[PDB]
Amino acid sequence: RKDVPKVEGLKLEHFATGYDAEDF
Amino acid sequence: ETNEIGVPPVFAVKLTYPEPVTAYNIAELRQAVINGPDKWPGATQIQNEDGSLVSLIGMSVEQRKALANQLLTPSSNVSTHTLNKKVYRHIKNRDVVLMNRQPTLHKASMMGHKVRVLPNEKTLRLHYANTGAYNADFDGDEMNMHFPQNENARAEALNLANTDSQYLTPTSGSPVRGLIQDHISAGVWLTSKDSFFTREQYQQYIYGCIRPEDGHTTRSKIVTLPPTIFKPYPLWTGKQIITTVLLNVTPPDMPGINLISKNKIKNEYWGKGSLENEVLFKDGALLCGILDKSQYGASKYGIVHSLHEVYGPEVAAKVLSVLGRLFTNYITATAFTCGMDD
Amino acid sequence: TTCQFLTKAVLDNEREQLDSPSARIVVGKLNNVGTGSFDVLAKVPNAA
Amino acid sequence: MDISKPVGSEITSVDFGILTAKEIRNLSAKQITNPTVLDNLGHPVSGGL
Amino acid sequence: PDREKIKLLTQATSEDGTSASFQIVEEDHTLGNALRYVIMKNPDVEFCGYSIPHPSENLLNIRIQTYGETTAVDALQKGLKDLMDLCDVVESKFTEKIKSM
Amino acid sequence: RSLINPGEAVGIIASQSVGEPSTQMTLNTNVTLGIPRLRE
Amino acid sequence: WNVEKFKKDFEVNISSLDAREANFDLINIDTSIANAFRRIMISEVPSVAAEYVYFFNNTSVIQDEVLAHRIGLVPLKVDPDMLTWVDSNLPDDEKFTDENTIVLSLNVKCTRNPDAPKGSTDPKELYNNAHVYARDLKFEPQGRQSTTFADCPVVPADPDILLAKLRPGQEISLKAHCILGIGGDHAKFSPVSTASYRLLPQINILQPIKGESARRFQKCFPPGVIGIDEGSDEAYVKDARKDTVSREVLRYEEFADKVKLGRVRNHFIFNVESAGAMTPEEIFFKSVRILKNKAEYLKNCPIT
Amino acid sequence: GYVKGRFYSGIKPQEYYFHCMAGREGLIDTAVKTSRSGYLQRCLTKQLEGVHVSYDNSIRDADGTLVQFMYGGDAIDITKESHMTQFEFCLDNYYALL
Amino acid sequence: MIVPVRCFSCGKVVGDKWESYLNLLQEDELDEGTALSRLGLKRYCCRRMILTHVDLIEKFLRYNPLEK
Amino acid sequence: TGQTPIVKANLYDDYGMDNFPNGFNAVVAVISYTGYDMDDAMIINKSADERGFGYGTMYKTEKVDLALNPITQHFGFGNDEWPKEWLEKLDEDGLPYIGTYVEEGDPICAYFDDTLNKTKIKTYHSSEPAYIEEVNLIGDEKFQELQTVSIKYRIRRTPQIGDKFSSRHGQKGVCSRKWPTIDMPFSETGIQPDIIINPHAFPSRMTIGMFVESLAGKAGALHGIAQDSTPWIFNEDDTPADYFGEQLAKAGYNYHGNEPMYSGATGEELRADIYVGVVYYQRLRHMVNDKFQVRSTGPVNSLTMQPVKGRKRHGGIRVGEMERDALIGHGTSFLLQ
Amino acid sequence: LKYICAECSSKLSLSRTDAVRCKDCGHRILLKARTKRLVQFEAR
Ligand SMILES: [Zn+2]
Ligand SMILES: [Zn+2]
């Protein structure tokens, strides 16, 4: 049985309040 | 409150009770008549001394204003001189009303409730603890509302078959009025040893449920408890909260209640040395133990009923209502979830 | 059997003395129950 | 009903009996013999129902 | 001046004053929470807090008990005013940082 | 003080303490049991 | 306690400032008050919105009430300090004047375009004015308006707010009334694209976590959250203002005893967007002053 | 039909099916076989309505006819009972009870 | 029916970024997630709205009672 | 409004359920707060409702034609002096204007009765108004002067406290309060919950599958994906709680989907970062009577005097044989009277 | 000009006992259009 395949390229889509995305 | 029934606006304005006009009420009935049939409180019609009805319908200020001051007029007819006019006032919170949900199997399925008006509701509103009686559920279920029509009736529906007059069922002798859902889970959580509170909170919660201009004052001043923990930080425990509520409520002339009871939580889950399985009330104080469906549900010899025999239905029934708020309060401040981790 | 029992009353010339609750509900007389087991009287002075 | 129209008169007991042709022909306000009920414009036929 | 904006519920109010409760219209937790915390900063308030009798009627109830120096009235003021006297300080400290940024 | 008050139509009251519980006997778990047994 | 001992100590820092929003922290204040500020900037700070909307005619697919409901939501770029409220006692003719309200309409007829690239799917070239945007909303100035709002015309904050769609033969036209009000009523008035705060987490490590346990503990939180020390090798907190409260660390056992996630109940991280009407710093000003005022209104009311 | 699965993790198609046979049950039984006691109650009340406790502690019908000489043979209320014999919780609070 | 005006949980306007979203998944062949990003939808709630639209309006527009 | 479910059942696309939507991806609150949400009840954000949350509309259709027969019934206005105030709710052709508001009693149609010489009117008879939408009028097979006509009526059905709502997980609950978005508990992330469902509606219900949908939905949106949820893709080994619980961690949110929250009123972080997510919810049709009906006094009966049934004609409420007893029991000979 | 065919979409007007039908198609199916009129609405 194949495992339920995880789709790839999971990125951080969340940060603290009042913050950008470029921190990383 | 438990003994209460929520009254939607679109109703009260249509339901009217024929009140006799005299001196004691004249102040009132006047005012009402003015406000007419479309402004609560008020009335819609006047019965003179000869039985004729007076629809304040398409009337405005004046016509009313006048017909008002004519409440205390003599009799043109020497026959009916004994009679006075009767104003058909709106149903106010001072009155009583009959509530029921078919099928009516036991007498608990038809009880009377204190009136209380709630502006802005499209439906009646009922406290939870009652669900045990009528067999309610809040899922598309309707109930009938009946309005007393002579003081003799109201009397019965207020002292023979009201709400609290039926704490114990005829079937056996067990309660039918306790608590449910949020309430159980909440209660205990606050009573665990793990509950701590400072002055600010202490007081705040206490009033957030107590309400002194309510029906339970006991002394025109709210009492308090010395902090269990003094230094370095003055704190009070949950178990004291109850005690605080207990004192400000039970008649200030009767000795505090003393009870020997247990809950539904084995000493286990609490850990070593914990005795939180046993509940020990002594002298209007929660010395040890936690509070459970076994306590404020419909369970014999549970603190509720216990209070019942000692201090009667009222003192009790109220206590509940007042807790139901404190409880729902402690919840709105801390919350109660359930996630994957559970 | 509403109809037959009726015949039982006519053929006996029975006197239904309006006692049982059921019998009163028809006439509307206050029922034997509780608040209908006793009566009310006015202790009024000035009668002698 | 109102709290200002009482009456001290009340039936104590109820009996059931047959109606003799007498009481009937005596209390009756009118005798009926005609099938039709209304004329040709919508009025109570004499002796009608 | 308005009159119904604030009324004293006379029932649970002693004659000395060191105990009294009031009903306020048109005001929820927003004010009740902030205010109550202010009243508690008065060294004569032995008891305080705010009750909402029901969320369907824009009502707000405050209870204030005192030792005896001042009565319910006063305490309410000392706080009522101290409140504005505080948020005002906020506006400045924020103003200067908006102006320098 | 724990007596029963003269009046109470204990009759009717009993008819209730019977008809109401007989609604939990809707299901089935030797003899006759439940709704029928009461019929007899 | 003293108001003075408070003004001296209380402080505020401004993190990021912008036209549409800003970040900042209030420190030493109590959570009750902050919260108050909150409920305000959302439910009590006035703004402009469309109330009554009268239908001259509507022959599109979008049914009437729906249509209305909508635009009554569109953001309105007008300094709500330029208009007065509305007395809900006067009948309809005396209730709506010039300096009282604001008038806007919108009249679009759509037709077929016989000049379409005979083989097009897109409705812009096949049809004339099929799509209706918020830039389509027309300002009709009234008397005391031709001078009042002469400098700053009225325009929806977001012009391309897609409004109505339609194929040829269809049309819409219907002016609408528009005043001020607040969120506590109908969210249309809420002058913010939300705004709220958050208690600044406090991460405190019990014992030193050096060696490899440095890179393994560091990578259990957002970036830069946990920087590794030099020489000491032990981790530490960089800015607790970057924690997402993933609680991650509390999963891998070794660390489930080496720290504790907590709070600093006097540190508030504020963030406030904006629909477009009122710039941020402003929406804040009003709120603070809003409370200040609500109070004074009480200092000057007698008792019953 | 043994459930080697669980509600968290996941049950198998085989299990699921049999599971249906089950949840359909309590609903095929309390719904296909609803017989109301609408007569039972009326059978009793409407005959026993007038039955009551007089002022002589006897239990008669409405027409005087007697059925019992006392309620439970002791004439105790079914509700004032609860703690009539809870002697413990009684001598506790004595001063309150009295 | 068509693009909801504001967001459902904050109010942030949204009925605009419809025509660009489509152009993002179409010309730029970006994924659903990154397209919602550069379009100004940070909190999931806002993202929700767009990610799962049903421009079903265009299904109706083919039933115009004003043509052959 | 309608949306494609974030949590899908793959077979959804194949069967083409997008061409005929039915739900709306909703933000869900797994929590007890207001304390009005117990008894399997639920809670709706006011600011959502107005923002447009699952707003629906109703459509009724009525036919006119006094072909209960040599014709005499013509639509329009006759020369006789009819009322006049019919010239507003109605055009000169005897058919009403398009998009007109009308409640019970209002005119719908105008016609002349040659055998009655009086121009009369069929009215609207629903205990609730509406606006016109359609205008349907058809001739017979050729001249057969107009006789048969109809039309459609738009009836606003804004989500009112009382209608039913339930996701696809047998989670039937009625709405008890429409809570103000300001009193709602807001998230660390800054999100006022759309829907609130109480955790006490779960233990005796066992619908864990919702719990899944949650993290399932949250993620997929955050990343831009439709999460496949067709039955039996997981087995005791690789479980959703993990698979997705990761996607959430790899996105930045807490593992088991836990999110930090604050009390709209008090304003301090609650106790536990209550766990919440997103669910395809469904709006249940007005399958409720709701229609209360009071009865000061009105219509009775010729042979009995007691008021008859009604609801729309203010029919009195029945005191049946059961309640008769109830009262009898207590001992309230008066309430009975 | 108060009417429209539902079939061929030809705007027309009926007289006194006119052809209850389209004078083009003959598709005895009809509908009256929306006249430039007004109703009171608010955004709620
Ligand atoms: Zn949003
Ligand atoms: Zn045609």
# chains A, B, ... in the order shown; residues from 1 in each chain; ligands from 1
$ closest_atom_pairs --of "chain J" --to "ligand 1" --cutoff "9 Å" --atoms "only C-alpha atoms and all ligand atoms" --output "CSV"
residue,atom,partner,partner_atom_place_in_ligand_line,distance
J:190,CA,ligand 1,1 (Zn),9.0
J:191,CA,ligand 1,1 (Zn),7.1
J:192,CA,ligand 1,1 (Zn),8.7
$ closest_atom_pairs --of "chain G" --to "chain J" --cutoff "7 Å" --atoms "only C-alpha atoms" --output "CSV"
residue,atom,partner,partner_atom,distance
G:31,CA,J:267,CA,6.3
G:32,CA,J:266,CA,6.3
G:35,CA,J:267,CA,5.2
G:39,CA,J:182,CA,5.6
G:43,CA,J:182,CA,6.8
G:186,CA,J:47,CA,6.9
G:187,CA,J:47,CA,5.4
G:196,CA,J:190,CA,5.9
G:198,CA,J:188,CA,5.8
G:244,CA,J:253,CA,6.8
G:245,CA,J:254,CA,6.8
G:246,CA,J:254,CA,3.8
G:247,CA,J:254,CA,6.2
G:248,CA,J:254,CA,6.7
$ interface_residues --of "chain C" --to "chain J" --cutoff "12 Å" --atoms "only C-alpha atoms" --output "ChimeraX atom specification"
/C:21-22,24-38
$ write_last_selection --atoms "N, CA and C atoms" --output "PDB file, in the first residue's frame"
ATOM      1  N   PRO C  21     -64.571  14.592  38.970  1.00  0.00           N
ATOM      2  CA  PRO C  21     -63.946  15.653  38.177  1.00  0.00           C
ATOM      3  C   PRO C  21     -64.457  15.681  36.754  1.00  0.00           C
ATOM      4  N   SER C  22     -64.445  14.513  36.118  1.00  0.00           N
ATOM      5  CA  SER C  22     -64.916  14.351  34.766  1.00  0.00           C
ATOM      6  C   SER C  22     -66.300  14.953  34.645  1.00  0.00           C
ATOM      7  N   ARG C  24     -67.741  17.267  36.294  1.00  0.00           N
ATOM      8  CA  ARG C  24     -67.772  18.690  36.569  1.00  0.00           C
ATOM      9  C   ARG C  24     -67.252  19.498  35.390  1.00  0.00           C
ATOM     10  N   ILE C  25     -66.131  19.056  34.820  1.00  0.00           N
ATOM     11  CA  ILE C  25     -65.527  19.658  33.622  1.00  0.00           C
ATOM     12  C   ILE C  25     -66.548  20.046  32.541  1.00  0.00           C
ATOM     13  N   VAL C  26     -67.563  19.199  32.390  1.00  0.00           N
ATOM     14  CA  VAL C  26     -68.704  19.461  31.520  1.00  0.00           C
ATOM     15  C   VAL C  26     -69.467  20.687  31.988  1.00  0.00           C
ATOM     16  N   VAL C  27     -69.810  20.714  33.268  1.00  0.00           N
ATOM     17  CA  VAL C  27     -70.600  21.795  33.829  1.00  0.00           C
ATOM     18  C   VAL C  27     -69.725  22.999  34.148  1.00  0.00           C
ATOM     19  N   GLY C  28     -68.445  22.742  34.380  1.00  0.00           N
ATOM     20  CA  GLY C  28     -67.507  23.813  34.667  1.00  0.00           C
ATOM     21  C   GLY C  28     -67.377  24.140  36.146  1.00  0.00           C
ATOM     22  N   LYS C  29     -68.068  23.385  36.982  1.00  0.00           N
ATOM     23  CA  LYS C  29     -67.866  23.518  38.409  1.00  0.00           C
ATOM     24  C   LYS C  29     -66.402  23.205  38.797  1.00  0.00           C
ATOM     25  N   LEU C  30     -65.875  24.018  39.701  1.00  0.00           N
ATOM     26  CA  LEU C  30     -64.557  23.840  40.256  1.00  0.00           C
ATOM     27  C   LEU C  30     -64.373  22.419  40.714  1.00  0.00           C
ATOM     28  N   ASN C  31     -63.220  21.834  40.418  1.00  0.00           N
ATOM     29  CA  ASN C  31     -62.947  20.411  40.696  1.00  0.00           C
ATOM     30  C   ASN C  31     -62.603  20.099  42.192  1.00  0.00           C
ATOM     31  N   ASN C  32     -62.816  18.841  42.613  1.00  0.00           N
ATOM     32  CA  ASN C  32     -62.617  18.390  44.006  1.00  0.00           C
ATOM     33  C   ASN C  32     -61.176  18.536  44.454  1.00  0.00           C
ATOM     34  N   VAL C  33     -60.304  18.806  43.500  1.00  0.00           N
ATOM     35  CA  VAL C  33     -58.885  18.816  43.747  1.00  0.00           C
ATOM     36  C   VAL C  33     -58.482  19.976  44.611  1.00  0.00           C
ATOM     37  N   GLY C  34     -57.584  19.670  45.537  1.00  0.00           N
ATOM     38  CA  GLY C  34     -56.869  20.624  46.353  1.00  0.00           C
ATOM     39  C   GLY C  34     -57.593  21.911  46.621  1.00  0.00           C
ATOM     40  N   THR C  35     -57.307  22.935  45.827  1.00  0.00           N
ATOM     41  CA  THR C  35     -57.931  24.242  45.997  1.00  0.00           C
ATOM     42  C   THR C  35     -59.448  24.213  45.809  1.00  0.00           C
ATOM     43  N   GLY C  36     -59.995  23.009  45.595  1.00  0.00           N
ATOM     44  CA  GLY C  36     -61.437  22.784  45.527  1.00  0.00           C
ATOM     45  C   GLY C  36     -62.020  21.775  46.524  1.00  0.00           C
ATOM     46  N   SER C  37     -61.276  21.515  47.604  1.00  0.00           N
ATOM     47  CA  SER C  37     -61.707  20.632  48.706  1.00  0.00           C
ATOM     48  C   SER C  37     -62.310  21.398  49.892  1.00  0.00           C
ATOM     49  N   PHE C  38     -61.894  22.653  50.040  1.00  0.00           N
ATOM     50  CA  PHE C  38     -62.386  23.526  51.088  1.00  0.00           C
ATOM     51  C   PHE C  38     -63.196  24.634  50.448  1.00  0.00           C
TER      52      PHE C  38
END
$ residues_near_ligand --ligand "ligand 2" --cutoff "12 Å" --atoms "only C-alpha atoms and all ligand atoms" --output "list in words"
residues 65, 66, 67 and 68 of chain I; 138 of chain J; 3, 4, 5, 6, 7, 8, 9, 10, 11, 12, 19, 20, 21, 22, 23, 24, 25, 26, 27, 28, 29, 30 and 31 of chain K
$ residues_around --residues "residue 84 of chain B" --least-positions-apart "4" --cutoff "7 Å" --atoms "only C-alpha atoms" --output "list in words"
residues 21, 48 and 49 of chain B
$ residues_around --residues "segment 9-18 of chain B" --least-positions-apart "4" --cutoff "8 Å" --atoms "only C-alpha atoms" --output "ChimeraX atom specification"
/B:37-44,86-92,117-122,147-150 /J:294-296
$ residues_around --residues "residue 44 of chain E" --least-positions-apart "2" --cutoff "7 Å" --atoms "only C-alpha atoms" --output "VMD selection string"
chain E and resid 42 46 66 to 67 69
$ closest_atom_pairs --of "chain H" --to "chain J" --cutoff "7 Å" --atoms "only C-alpha atoms" --output "JSON lines"
{"residue": "H:8", "atom": "CA", "partner": "J:208", "partner_atom": "CA", "distance": 6.9}
{"residue": "H:9", "atom": "CA", "partner": "J:236", "partner_atom": "CA", "distance": 5.1}
{"residue": "H:10", "atom": "CA", "partner": "J:235", "partner_atom": "CA", "distance": 5.9}
$ write_last_selection --atoms "N, CA and C atoms" --output "mmCIF file, in the first residue's frame"
data_model
loop_
_atom_site.group_PDB
_atom_site.id
_atom_site.type_symbol
_atom_site.label_atom_id
_atom_site.label_comp_id
_atom_site.auth_asym_id
_atom_site.auth_seq_id
_atom_site.Cartn_x
_atom_site.Cartn_y
_atom_site.Cartn_z
ATOM 1 N N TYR H 8 -10.632 7.214 16.158
ATOM 2 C CA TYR H 8 -9.468 8.052 15.793
ATOM 3 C C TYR H 8 -8.837 7.584 14.485
ATOM 4 N N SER H 9 -8.122 6.482 14.551
ATOM 5 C CA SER H 9 -7.293 6.054 13.434
ATOM 6 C C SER H 9 -8.019 5.763 12.106
ATOM 7 N N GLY H 10 -9.061 4.929 12.116
ATOM 8 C CA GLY H 10 -9.739 4.546 10.884
ATOM 9 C C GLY H 10 -10.227 3.108 10.847
#
$ interface_residues --of "chain J" --to "chain K" --cutoff "9 Å" --atoms "only C-alpha atoms" --output "VMD selection string"
chain J and resid 50 to 51 74 95 97 to 101 134 to 146
$ residues_around --residues "residue 20 of chain I" --least-positions-apart "5" --cutoff "12 Å" --atoms "only C-alpha atoms" --output "ChimeraX atom specification"
/G:160-162 /I:14-15,25-28,30,35-36,38-40,50
$ write_last_selection --atoms "N, CA, C and O atoms" --output "PDB file, in the first residue's frame"
ATOM      1  N   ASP G 160     -11.089  48.794  -7.945  1.00  0.00           N
ATOM      2  CA  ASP G 160     -11.405  47.697  -8.846  1.00  0.00           C
ATOM      3  C   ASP G 160     -12.282  46.672  -8.198  1.00  0.00           C
ATOM      4  O   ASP G 160     -12.467  45.572  -8.720  1.00  0.00           O
ATOM      5  N   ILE G 161     -12.813  47.048  -7.046  1.00  0.00           N
ATOM      6  CA  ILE G 161     -13.810  46.241  -6.399  1.00  0.00           C
ATOM      7  C   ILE G 161     -14.840  45.895  -7.431  1.00  0.00           C
ATOM      8  O   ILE G 161     -15.683  46.713  -7.790  1.00  0.00           O
ATOM      9  N   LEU G 162     -14.735  44.676  -7.932  1.00  0.00           N
ATOM     10  CA  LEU G 162     -15.690  44.160  -8.893  1.00  0.00           C
ATOM     11  C   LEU G 162     -17.138  44.216  -8.324  1.00  0.00           C
ATOM     12  O   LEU G 162     -17.445  43.611  -7.300  1.00  0.00           O
TER      13      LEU G 162
ATOM     14  N   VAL I  14     -11.859  42.368  -0.727  1.00  0.00           N
ATOM     15  CA  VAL I  14     -11.434  41.167  -1.427  1.00  0.00           C
ATOM     16  C   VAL I  14     -12.040  41.051  -2.839  1.00  0.00           C
ATOM     17  O   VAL I  14     -11.436  40.457  -3.729  1.00  0.00           O
ATOM     18  N   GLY I  15     -13.204  41.661  -3.054  1.00  0.00           N
ATOM     19  CA  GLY I  15     -13.903  41.549  -4.320  1.00  0.00           C
ATOM     20  C   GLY I  15     -13.163  42.108  -5.519  1.00  0.00           C
ATOM     21  O   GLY I  15     -13.688  42.109  -6.626  1.00  0.00           O
ATOM     22  N   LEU I  25      -3.022  32.488 -11.948  1.00  0.00           N
ATOM     23  CA  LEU I  25      -3.024  31.044 -12.091  1.00  0.00           C
ATOM     24  C   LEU I  25      -2.987  30.727 -13.553  1.00  0.00           C
ATOM     25  O   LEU I  25      -2.795  29.583 -13.948  1.00  0.00           O
ATOM     26  N   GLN I  26      -3.200  31.753 -14.362  1.00  0.00           N
ATOM     27  CA  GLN I  26      -3.298  31.537 -15.786  1.00  0.00           C
ATOM     28  C   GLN I  26      -2.009  31.876 -16.526  1.00  0.00           C
ATOM     29  O   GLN I  26      -1.387  30.992 -17.095  1.00  0.00           O
ATOM     30  N   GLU I  27      -1.592  33.135 -16.509  1.00  0.00           N
ATOM     31  CA  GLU I  27      -0.397  33.541 -17.250  1.00  0.00           C
ATOM     32  C   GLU I  27       0.906  33.134 -16.572  1.00  0.00           C
ATOM     33  O   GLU I  27       1.857  32.647 -17.208  1.00  0.00           O
ATOM     34  N   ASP I  28       0.934  33.356 -15.267  1.00  0.00           N
ATOM     35  CA  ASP I  28       2.130  33.171 -14.465  1.00  0.00           C
ATOM     36  C   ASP I  28       2.216  31.736 -13.944  1.00  0.00           C
ATOM     37  O   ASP I  28       3.230  31.322 -13.371  1.00  0.00           O
ATOM     38  N   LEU I  30       1.307  30.347 -11.441  1.00  0.00           N
ATOM     39  CA  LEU I  30       1.666  30.197 -10.041  1.00  0.00           C
ATOM     40  C   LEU I  30       0.742  29.178  -9.437  1.00  0.00           C
ATOM     41  O   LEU I  30      -0.311  28.879  -9.997  1.00  0.00           O
ATOM     42  N   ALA I  35      -0.029  32.480  -5.197  1.00  0.00           N
ATOM     43  CA  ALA I  35      -0.861  33.480  -5.862  1.00  0.00           C
ATOM     44  C   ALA I  35      -1.701  34.251  -4.853  1.00  0.00           C
ATOM     45  O   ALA I  35      -1.838  35.466  -4.957  1.00  0.00           O
ATOM     46  N   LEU I  36      -2.263  33.544  -3.878  1.00  0.00           N
ATOM     47  CA  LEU I  36      -3.013  34.192  -2.812  1.00  0.00           C
ATOM     48  C   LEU I  36      -2.118  35.081  -1.946  1.00  0.00           C
ATOM     49  O   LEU I  36      -2.610  36.020  -1.313  1.00  0.00           O
ATOM     50  N   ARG I  38       1.123  37.014  -2.796  1.00  0.00           N
ATOM     51  CA  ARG I  38       1.435  38.293  -3.408  1.00  0.00           C
ATOM     52  C   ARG I  38       0.179  39.134  -3.710  1.00  0.00           C
ATOM     53  O   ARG I  38       0.281  40.288  -4.108  1.00  0.00           O
ATOM     54  N   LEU I  39      -1.002  38.555  -3.511  1.00  0.00           N
ATOM     55  CA  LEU I  39      -2.256  39.256  -3.745  1.00  0.00           C
ATOM     56  C   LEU I  39      -2.788  39.917  -2.496  1.00  0.00           C
ATOM     57  O   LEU I  39      -3.827  40.561  -2.536  1.00  0.00           O
ATOM     58  N   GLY I  40      -2.098  39.732  -1.379  1.00  0.00           N
ATOM     59  CA  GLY I  40      -2.461  40.422  -0.156  1.00  0.00           C
ATOM     60  C   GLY I  40      -3.415  39.675   0.755  1.00  0.00           C
ATOM     61  O   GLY I  40      -4.108  40.270   1.574  1.00  0.00           O
ATOM     62  N   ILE I  50     -11.255  33.774  -1.664  1.00  0.00           N
ATOM     63  CA  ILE I  50     -10.855  33.684  -3.044  1.00  0.00           C
ATOM     64  C   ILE I  50     -10.577  32.262  -3.508  1.00  0.00           C
ATOM     65  O   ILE I  50     -11.147  31.825  -4.505  1.00  0.00           O
TER      66      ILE I  50
END
$ interface_residues --of "chain H" --to "chain F" --cutoff "9 Å" --atoms "only C-alpha atoms" --output "PyMOL selection string"
chain H and resi 26+29-30+33-38+40-59+61+71+74-81+84
$ select_by_dssp --residues "chain H" --states "strand (DSSP E or B)" --output "VMD selection string"
chain H and resid 52 to 53 59 to 60 66 to 68 76
$ residues_around --residues "residue 16 of chain H" --least-positions-apart "3" --cutoff "12 Å" --atoms "only C-alpha atoms" --output "JSON, numbers by chain"
{"H": [1, 2, 3, 4, 5, 6, 7, 10, 11, 12, 13, 19, 20, 21, 22, 23], "J": [231, 232]}
$ atom_distance --atom1 "atom CA of residue 209 of chain G" --atom2 "atom CA of residue 238 of chain G"
14.9 Å
$ atom_distance --atom1 "atom CA of residue 250 of chain J" --atom2 "atom CA of residue 204 of chain G"
23.9 Å
$ interface_residues --of "chain G" --to "chain K" --cutoff "8 Å" --atoms "only C-alpha atoms" --output "MDAnalysis selection string"
chainID G and resid 50:59 65 68:73 186
$ write_last_selection --atoms "N, CA, C and O atoms" --output "short mmCIF file (atom, residue, chain, number, x, y, z; two decimals), in the first residue's frame"
data_model
loop_
_atom_site.label_atom_id
_atom_site.label_comp_id
_atom_site.auth_asym_id
_atom_site.auth_seq_id
_atom_site.Cartn_x
_atom_site.Cartn_y
_atom_site.Cartn_z
N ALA G 50 -22.90 53.56 3.12
CA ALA G 50 -24.13 53.77 2.39
C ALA G 50 -25.29 53.08 3.09
O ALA G 50 -25.28 51.85 3.26
N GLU G 51 -26.29 53.86 3.51
CA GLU G 51 -27.45 53.30 4.19
C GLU G 51 -28.60 53.00 3.26
O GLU G 51 -28.79 51.85 2.85
N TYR G 52 -29.36 54.04 2.94
CA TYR G 52 -30.53 53.89 2.09
C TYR G 52 -30.09 53.94 0.62
O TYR G 52 -29.19 54.70 0.24
N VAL G 53 -30.69 53.11 -0.21
CA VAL G 53 -30.29 53.04 -1.59
C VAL G 53 -31.49 52.83 -2.43
O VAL G 53 -32.15 51.81 -2.34
N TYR G 54 -31.76 53.78 -3.29
CA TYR G 54 -33.05 53.78 -3.90
C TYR G 54 -32.87 53.30 -5.34
O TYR G 54 -32.02 53.82 -6.03
N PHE G 55 -33.66 52.33 -5.78
CA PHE G 55 -33.54 51.73 -7.11
C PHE G 55 -34.27 52.43 -8.23
O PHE G 55 -35.46 52.24 -8.37
N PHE G 56 -33.56 53.20 -9.05
CA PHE G 56 -34.19 53.81 -10.23
C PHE G 56 -34.60 52.71 -11.22
O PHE G 56 -35.60 52.87 -11.94
N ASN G 57 -33.83 51.61 -11.27
CA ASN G 57 -34.06 50.43 -12.14
C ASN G 57 -32.91 49.43 -12.13
O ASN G 57 -31.74 49.81 -12.09
N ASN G 58 -33.24 48.15 -12.21
CA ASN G 58 -32.20 47.15 -12.23
C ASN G 58 -32.64 45.95 -13.01
O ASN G 58 -33.54 45.22 -12.59
N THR G 59 -31.98 45.74 -14.14
CA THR G 59 -32.32 44.64 -15.02
C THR G 59 -31.15 43.66 -15.23
O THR G 59 -31.10 42.97 -16.24
N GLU G 65 -31.94 43.48 -3.54
CA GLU G 65 -31.50 43.56 -2.16
C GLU G 65 -30.03 43.20 -2.04
O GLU G 65 -29.29 43.81 -1.29
N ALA G 68 -27.87 46.09 -3.35
CA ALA G 68 -27.83 47.08 -2.28
C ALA G 68 -26.82 46.72 -1.19
O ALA G 68 -25.79 47.39 -1.02
N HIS G 69 -27.15 45.66 -0.45
CA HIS G 69 -26.33 45.07 0.62
C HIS G 69 -24.86 45.23 0.33
O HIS G 69 -24.06 45.63 1.18
N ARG G 70 -24.51 44.93 -0.92
CA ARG G 70 -23.14 45.00 -1.36
C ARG G 70 -22.58 46.40 -1.12
O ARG G 70 -22.04 46.66 -0.07
N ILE G 71 -22.77 47.28 -2.10
CA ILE G 71 -22.15 48.60 -2.13
C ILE G 71 -22.19 49.27 -0.79
O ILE G 71 -21.26 49.97 -0.40
N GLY G 72 -23.25 48.98 -0.05
CA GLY G 72 -23.32 49.38 1.32
C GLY G 72 -22.15 48.83 2.10
O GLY G 72 -21.96 49.20 3.25
N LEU G 73 -21.37 47.95 1.50
CA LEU G 73 -20.15 47.49 2.15
C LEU G 73 -18.90 48.20 1.62
O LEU G 73 -17.99 48.43 2.38
N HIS G 186 -23.57 48.01 12.38
CA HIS G 186 -23.40 47.23 11.19
C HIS G 186 -21.99 47.37 10.70
O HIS G 186 -21.59 48.47 10.28
#
